[PDB]
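Novice: The structure under discussion is supplied below as structure tokens; questions concerning it will follow.
Numbering (the entry's author numbering), first residue to last: 4 to 299.
So, in structure tokens, the structure goes:
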């Protein structure tokens with residue numbers, strides 16, 4: 004239930020946002036970076052709970068999907084990490100919060116958040132990288148590991164359709180679901196917020212399919228080889244790594260955060276996978292509030 008919403012100009016285009024709570028009360032805003040790339044803020048809407056403890060919360064849709072400008076006819080060389088860094092900087096400026104803010108980055112958003120934090124901006128108080136790998140290379144190795152633990156028939160079904168690029172078929176989708184049900188979202192039927200974002204991706208898949216791939220594990224888009232490991236030593240703020248025990252973002256994928264970020268803490272939500280804010284709503288809230296209070 005938002006205290007403000009709309010768009011801000013981002014050069015030629017628009018970026019859509021929403022604030023819950025009061026921006027300039029006693030506590031700095033928590034700015035939420037959604038995953039994908041090419042996902043939407045919707046699946047993160049549970050995190051309005053943080054306003055219960057006085058934290059303003061800023062949800063926004065990154066350029067290319069949701070309430071922001073859609074650019075279906077922009078291709079691979081337009082959809083860059085620099086673009087989204089520039090958008091986040093622009094957004095903090097337009098909302099007048101560049102002077103004081105905390106970043107929570109989920110999935111891709113945690114990778115974007117790390118790149119942003121590595122430039123050592125003055126107003127940043129803390130960084131959370133939630134369900135976010137440090138490297139898509141390590142991600143793809145770990146996907147192969149997790150996929151090898153699926154039933155043999157599921158493994159063959161995934162392979163067949165990936166090879167021939169028929170991943171839009173019904174049969175691939177239900178094999179993909181055997182993976183998602185373990186490591187992406189263990190709640191089925193899906194939470195509305197999760198479904199909401201999932202359908203935003205279906206309706207304009209430009210960004211997600213360009214940068215990531217057809218789904219969470221089949222990463223064949225332009226971020227396939229991408230790693231943020233080289234900027235991690237430069238992050239000065241206290242950082243929290245938060246994953247689910249069953250997360251596709253496995254302990255191996257987040258290990259570089261633990262070894263390279265100077266000030267870093269580690270939390271595993273034992274009954275969660277990729278969306279602990281939905282899977283363990285209360286425990287996620289408690290963990291976040293505990294971390295956030297150390298910053299004020």
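Note that the Cβ used here is the ideal one computed from N, Cα and C, for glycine as well.
Using 8 Å for Cβ pairs, my map puts residue 17 next to residue 5. What's the rounded Cβ distance?
Specialist: The pair is not a contact, with the Cβ atoms about 17 Å apart (cut-off 8 Å).
Novice: Going by C-alpha distance, which of 277, 279 and 241 is nearest residue 306?
Specialist: The chain is shown from 4 up to 299; residue 306 falls before or after that span and cannot be answered.
Novice: For residue 157, which three-state DSSP category applies?
Specialist: helix
Novice: Start and end of the beta strand (DSSP E) containing residue 253?
Specialist: Per DSSP, residue 253 belongs to no beta strand (DSSP E) and is neither H nor E.
Novice: Among 106, 142, 134 and 143, which residue has its Cα nearest to the Cα of residue 317?
Specialist: Examination of residue 317 is not possible in this model, given that the chain is present from 4 through 299 alone.
Novice: Nearest by alpha-carbon distance to residue 66: which of 92, 55 and 51 is it?
Specialist: Ranking 92, 55 and 51 by Cα distance to residue 66 puts 92 first.
Novice: Residue 187 and residue 98 look like a contact to me (Cβ under 8 Å); what is the Cβ gap, rounded to whole Å?
Specialist: 31 Å between Cβ atoms; not a contact.
Novice: Quick one: what does DSSP say residue 97 is sitting in, helix, strand or coil?
Specialist: helix
Novice: Straight-line CA distance for residue 283 to residue 30?
Specialist: 25 Å
Novice: Going by C-alpha to C-alpha distance, which of 100, 219, 113 and 149 sits closest to residue 232?
Specialist: 113
Novice: Would you please state the rounded distance, in angstroms, between the beta carbons of residue 259 and residue 226? I believe it to be under 8 Å.
Specialist: The Cβ separation is near 16 Å, so there is no contact.
Novice: Would you mind giving the Cβ-Cβ distance between residue 270 and residue 245, rounded to the nearest angstrom? I have them listed as a contact below 8 Å.
Specialist: 5 Å
Novice: Can you give me the C-alpha to C-alpha distance between residue 247 and residue 272, rounded to a whole angstrom?
Specialist: 5 Å
Novice: On the criterion of 16 or more Cβ atoms from any shown chain inside 10 Å, does residue 43 qualify as buried, or is it exposed?
Specialist: buried
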